[PDB]
Every structure is written in C-alpha cells, then in structure tokens.
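Encoded as structure tokens, the structure appears first; notes follow it.
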Amino acid sequence: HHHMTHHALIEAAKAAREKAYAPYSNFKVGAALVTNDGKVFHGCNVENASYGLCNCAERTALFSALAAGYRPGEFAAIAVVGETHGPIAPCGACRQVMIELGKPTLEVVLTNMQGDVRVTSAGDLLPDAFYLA
Amino acid sequence: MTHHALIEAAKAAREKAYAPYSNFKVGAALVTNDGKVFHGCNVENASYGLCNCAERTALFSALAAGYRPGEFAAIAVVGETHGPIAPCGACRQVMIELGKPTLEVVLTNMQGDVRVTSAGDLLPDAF
Amino acid sequence: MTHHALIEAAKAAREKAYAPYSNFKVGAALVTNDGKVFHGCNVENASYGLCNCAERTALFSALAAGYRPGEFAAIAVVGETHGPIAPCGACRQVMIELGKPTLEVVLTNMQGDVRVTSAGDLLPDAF
Amino acid sequence: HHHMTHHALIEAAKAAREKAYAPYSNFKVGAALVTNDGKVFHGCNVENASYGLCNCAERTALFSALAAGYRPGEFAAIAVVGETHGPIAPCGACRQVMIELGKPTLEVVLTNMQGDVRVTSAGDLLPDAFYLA
Ligand SMILES: [Zn+2]
Ligand SMILES: [Zn+2]
Ligand SMILES: [Zn+2]
Ligand SMILES: [Zn+2]
C-alpha cells in the first residue's frame with residue numbers, strides 16, 4: 001500500500017466508526033480495509049435487538065469488499081478503531097474471518113481514540129488457526 | 001427502478017459470492033429510498049457459523065455507507081433454488097430491524113420464478 | 001407432562017442465564033417425545049454476535065445427548081416481556097430444522113401470558 | 001481435576017463426537033468439558049441448512065454446562081477432537097466463548113483420531129483477547 005499510510009487508514013477507520021449502528025451496546029467500532037489495487041472499504045458494527053445477529057466492523061468491511069468482487073488474498077491492510085484503553089482487540093469471530101479472507105499475512109493496524117497503535121497480522125492474532133481444506 | 005432491474009442487480013451480485021463449502025452462490029440487491037443500489041453476496045467460512053448471507057451483506061454495506069434503518073425501499077434475493085429462494089431466519093431478523101416490517105422483499109431463482117413479500121410477512125410476531 | 005410443568009421448567013432454566021450485557025434473562029425447556037426435559041438459557045458474550053439464545057441452548061444440549069431432529073414434542077420459552085416472548089429469527093431457523101415444522105412452541109412471560117404456536121407457523125416458507 | 005486424566009477427557013470428547021449432527025460438512029467434532037466439581041459435559045457440532053446457524057462442539061458443551069447452572073470460571077478443562085492431521089484447532093468464535101466462559105487459564109486439550117495431542121490454554125489460543133468491562 002505505497003500510497004496508503006497507517007495514519008490515513010486509521011483516519012478512514014474513524015470515519016467508518018461514525019456510521020455505526022450500535023444502540024444496544026452504545027459501543028461504536030470502525031474499520032477500514034485497503035485492497036491490492038488501493039480501494040478503501042469502510043466497515044462498522046451493526047447491531048440487532050437479538051444480540052446474536054450483531055455484526056462487527058471488521059466483518060462488515062470484508063463482506064462489503066467481497067460483494068464488490070474482491071477475493072480472499074486481495075487485501076493489503078485493515079485498520080480497526082474503538083473507544084478502548086489500548087489498541088482495540090478484534091474479537092475471535094473477526095479473527096477467523098480475517099484469516100480466511102485476508103490470509104495469515106494480512107496487516108492489521110489496531111488503534112483507539114487516544115493515539116495508541118499496534119501493528120500485527122491476522123496470523124499472529126489467531127495462532128494455529130482452524131482451516132477446512 | 002423496475003423489479004426486473006433489481007433482480008438483474010441481484011444476479012450480478014451473486015456472481016461475486018464466496019461459497020467454496022456449499023458451492024451455492026446467493027446474490028442480493030438492496031435499493032434505498034433515494035435510489036442507491038447495494039450488492040450483497042454470501043461469504044462463507046471454514047467455521048460454518050461465521051458464514052454471512054447475501055441479504056445481510058447488502059444491508060451491512062448500506063449501513064456502513066451511512067444509511068439508517070427504514071431508509072430502504074426493497075431487496076431482491078436470488079439463488080439456484082427450485083422455486084423463489086427462501087431467506088433464512090437470521091436474515092429475516094436483520095431485515096426486519098434494518099428494513100422495517102414494510103420492506104419489500106423480492107424473492108427469485110435462476111429460472112424466472114418470482115414471489116414478492118415483506119420483511120414483516122416473513123417474520124410474524126417478530127422480536 | 002402438562003404445559004404448566006413445561007413452563008415451570010422454562011422458568012427454572014431462565015434463572016441460570018448468563019446475560020450481563022442485556023441484563024435480560026431467557027429460559028427454555030424442551031421436552032422430547034420420550035419425555036426427557038432439557039433446560040436452556042441465553043449465554044451472552046462481549047462479542048455480541050456470539051450470544052446464544054435459550055431455545056438454541058436447549059436444542060443443542062438435546063442433540064449432544066444423542067437425540068436426533070424430529071424427536072421432540074414441545075419447547076417452552078420465557079422472559080420478562082410485555083406479552084409472550086417472541087423467538088428471534090435465528091432460533092426459528094434452528095427450531096424448524098431440529099424440531100420440524102410441527103414442533104409445538106409454547107411462548108410465555110413472567111406475568112402468565114401464553115401463546116401456543118408451531119415452528120412452521122413462526123417461519124413461513126422456510127429455507 | 002485430580003480424578004480426570006487427559007486420556008479420560010479425550011475419551012469423553014470422542015464419545016461426544018459420535019453424536020454430532022453434521023450432514024452438511026460431514027465433519028464431526030466432539031468436546032468434553034469438566035467442571036470444578038468434576039462433572040463432565042459433552043458437546044458436538046450441530047449444523048443447519050443455513051450454515052451461519054451451525055454451532056461448534058466446544059460451544060455446545062459450554063452452553064450445556066451454563067444451562068446446568070455452571071458459571072464463568074467454573075471449568076477445569078475442555079478436550080476437543082476431530083478427524084484432523086494435527087490436534088484439532090478451535091475456531092476463533094469458539095476461542096472467544098472459551099475465554100469469556102472459561103477464563104484465560106482454562107486448560108484446553110486438543111487432539112485428533114490418531115493420538116496426536118497438544119495442551120494449551122484459552123488465553124494462549126486468543127492472545128490479547130477482546131473484552132467488554
Ligand atoms: Zn468482532
Ligand atoms: Zn440468510
Ligand atoms: Zn433467539
Ligand atoms: Zn468453533
């Protein structure tokens with residue numbers, strides 16, 4: 001992502017977060033996903049009165065990109081942001097989807113609303129991940 | 001926008017599906033009240049419970065773009081089913097909250113069979 | 001087994017719920033055709049999409065014990081709702097597959113309001 | 001779990017696996033959970049024609065124990081088994097539920113149908129896990 005800095009991707013993730021639908025938790029999360037050809041996809045959490053139907057920002061971004069014709073392995077990086085003490089931690093469900101759609105080498109930029117950043121990978125977030133060949 | 005145009009959009013959406021486990025591609029096309037179209041496709045996962053449906057993919061995308069619950073006109077859904085495709089209960093629960101009971105739902109298949117219903121009709125006495 | 005007894009079992013099940021996020025406890029009691037009762041409660045998670053409902057907890061438990069789809073007589077569901085509690089679309093999708101459309105569903109609240117329905121009625125033209 | 005060996009817990013997980021409802025994947029998984037007072041709960045995967053409603057063995061076992069009145073932190077160990085090359089890897093969704101219900105220190109015994117075993121913890125499976133305080 002020669003033309004996409006971590007700062008720019010975090011800024012897009014914060015912009016994504018503003019569109020969240022989270023009236024149940026009141027906990028807004030944003031994600032921004034940048035593809036192999038430099039296209040950026042926003043994701044936010046989208047809640048439901050039946051909590052089990054809630055969808056996370058990371059997954060919203062990835063599903064949106066897939067719907068646009070991007071395929072597993074076509075993503076350069078994803079940034080995720082929430083109002084947390086440290087850089088936001090993706091949930092396990094998001095990690096499983098990130099590893100399948102982004103591959104273990106997907107760069108994951110985690111941040112909060114206070115300038116705290118850590119850079120990791122989908123593989124590092126989910127060691128010895130489950131696969132079905 | 002015609003129902004035919006929306007169905008065609010859903011068919012186009014379907015082509016972009018990721019369904020290596022079921023080998024069963026589904027498409028959806030959601031139109032907003034102001035005329036914007038959002039494509040949705042099913043996106044599967046090795047952990048089956050993490051699979052996402054076309055209808056939900058389209059709705060989540062529209063929310064991510066800044067649309068709010070109740071700002072949608074209709075959704076078309078298509079797969080290679082015998083009759084018009086039947087949305088699963090999970091999709092129905094999401095459609096009713098984000099689309100409202102009055103959301104028009106256009107169900108179809110790859111053979112031209114069509115049924116029109118609403119989010120409310122699909123999920124009687126909803127949560 | 002009486003409907004009253006099944007409802008009381010669902011109330012007992014409800015007490016064991018893990019719902020610190022919604023603070024809203026739900027119970028279910030599933031009775032098999034040979035008369036065994038399985039309790040279910042909702043079990044929430046910090047990642048909301050991973051929350052499991054009472055209805056599903058009871059059905060999954062019965063499957064894990066060795067019961068097969070279609071081997072169930074009825075399920076009761078209870079929460080502190082205004083009228084009888086309404087099962088979500090996700091539960092309806094699971095109930096129709098594991099219980100079959102003819103599965104009797106007894107919906108109730110903490111005030112004595114009851115409605116009896118079926119898995120098929122709750123999910124018209126199911127997937 | 002003084003009276004429950006890893007071997008005994010694995011044997012219970014294999015017995016659990018036999019009861020799986022997996023006509024879609026044809027991939028049966030079993031789990032066995034042992035509580036603080038030595039009670040054992042079986043779990044198996046339970047599939048649905050709409051794949052997003054499938055439930056995993058690990059989660060089936062934990063939800064069953066919760067329904068019996070066991071609470072977060074009341075679990076000593078969980079064994080998980082499937083027909084895999086190495087010890088079966090729990091999916092990310094299961095890891096998120098295991099960490100909340102079992103706590104980071106929950107002992108996780110992973111195995112297959114060919115005698116391969118590894119012992120880990122819920123925390124090790126899900127580093128820097130997501131929580132809501
Ligand atoms: Zn997540
Ligand atoms: Zn669906
Ligand atoms: Zn439910
Ligand atoms: Zn799992």
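Residue numbers begin at 1 in each chain, while the letters A, B, ... track the order of the sequences. Note that these values count all heavy atoms, side chains included, but never hydrogens, waters or copies made by symmetry.
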Any idea which heavy atoms bring [X] and [Y] closest together, and the distance?
X: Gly70(B); Y: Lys100(B); value: CA-CG, 3.8 Å
X: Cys91(B); Y: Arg56(B); value: SG-NE, 3.6 Å
X: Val80(D); Y: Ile88(D); value: O-CG2, 3.4 Å
X: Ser118(B); Y: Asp121(B); value: OG-N, 3.1 Å
X: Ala90(B); Y: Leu53(D); value: CB-CD1, 4.2 Å
X: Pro84(C); Y: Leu107(C); value: CB-O, 3.4 Å

Distance from [X] atom [atom1] to [Y] atom [atom2], nearest 0.5 Å?
X: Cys51(B); Y: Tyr21(B); atom1: SG; atom2: OH; result: 8.0 Å
X: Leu98(B); Y: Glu55(B); atom1: CG; atom2: CD; result: 12.5 Å
X: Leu122(B); Y: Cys88(B); atom1: CG; atom2: SG; result: 11.0 Å
X: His39(C); Y: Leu66(D); atom1: NE2; atom2: CG; result: 14.0 Å
X: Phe41(D); Y: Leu33(D); atom1: CZ; atom2: CG; result: 7.5 Å
X: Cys41(B); Y: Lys16(B); atom1: SG; atom2: NZ; result: 7.5 Å

Exercise. Would the number of heavy atoms belonging to other residues, nucleotides or ligands and lying under 6.0 Å from CG of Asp125(B) be above 12?
Worked result: no
Problem set entry | Residue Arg115(C) excluded, over 12 heavy atoms near CZ under 6.0 Å | no
Does any non-hydrogen side-chain atom of [Y] lie less than 4.5 Å from one of [X]?
X: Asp113(C); Y: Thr108(C); answer: no
X: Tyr48(B); Y: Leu132(A); answer: yes
X: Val43(B); Y: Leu62(A); answer: no
X: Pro87(B); Y: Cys53(B); answer: no
X: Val26(B); Y: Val78(B); answer: no

For this session: Decide side chain to side chain contact (heavy atoms under 4.5 Å, CB included) for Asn52(B) and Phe60(B); before the verdict, give the C-alpha distance in whole Å, the side-chain angles of both, and the deciding distance to 0.1 Å.
Result: CA-CA 10 Å; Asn52(B) 202 55; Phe60(B) 298 153; 3.7 Å; yes
Exercise. Is a donor on one side and an acceptor on the other found under 3.5 Å between the side chain of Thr60(D) and the backbone of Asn45(D)?
Worked result: no
Exercise. Would you say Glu47(D)'s side chain and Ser25(D)'s backbone share a donor-acceptor pair under 3.5 angstrom?
Worked result: yes
For this session: Test side-chain hydrogen bond (donor to acceptor under 3.5 Å, both in side chains) on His3(B) and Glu104(B) and set out the steps.
Result: CA-CA 11 Å; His3(B) 288 78; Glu104(B) 177 182 340; 2.4 Å; yes
For this session: Step by step, work out the side chain to side chain contact (heavy atoms under 4.5 Å, CB included) result for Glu97(B) and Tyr21(A).
Result: CA-CA 11 Å; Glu97(B) 176 142 2; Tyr21(A) 176 70; 2.7 Å; yes
Exercise. Which side-chain hydrogen bond (donor to acceptor under 3.5 Å, both in side chains) pairs, counting each pair once, include a residue from residues 65-90 of chain C, with sequence neighbours left out?
Worked result: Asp34(C)-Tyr67(C)
For this session: Step by step, work out the side chain to side chain contact (heavy atoms under 4.5 Å, CB included) result for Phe72(C) and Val31(C).
Result: CA-CA 6 Å; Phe72(C) 311 107; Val31(C) 63; over 6 Å; no
Pairs of donor and acceptor atoms involving the side chains of residues 4-14 of chain C, under 3.5 Å and at least two apart or interchain, shall be tabulated with distances.
unit_1, atom_1, unit_2, atom_2, d
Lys11(C), NZ, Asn109(C), O, 3.3
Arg14(C), NE, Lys25(C), O, 3.0

Exercise. Stepwise, does the side chain to side chain contact (heavy atoms under 4.5 Å, CB included) test hold for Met95(B) with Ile75(B)?
Worked result: CA-CA 9 Å; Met95(B) 285 188 287; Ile75(B) 196 171; 3.9 Å; yes
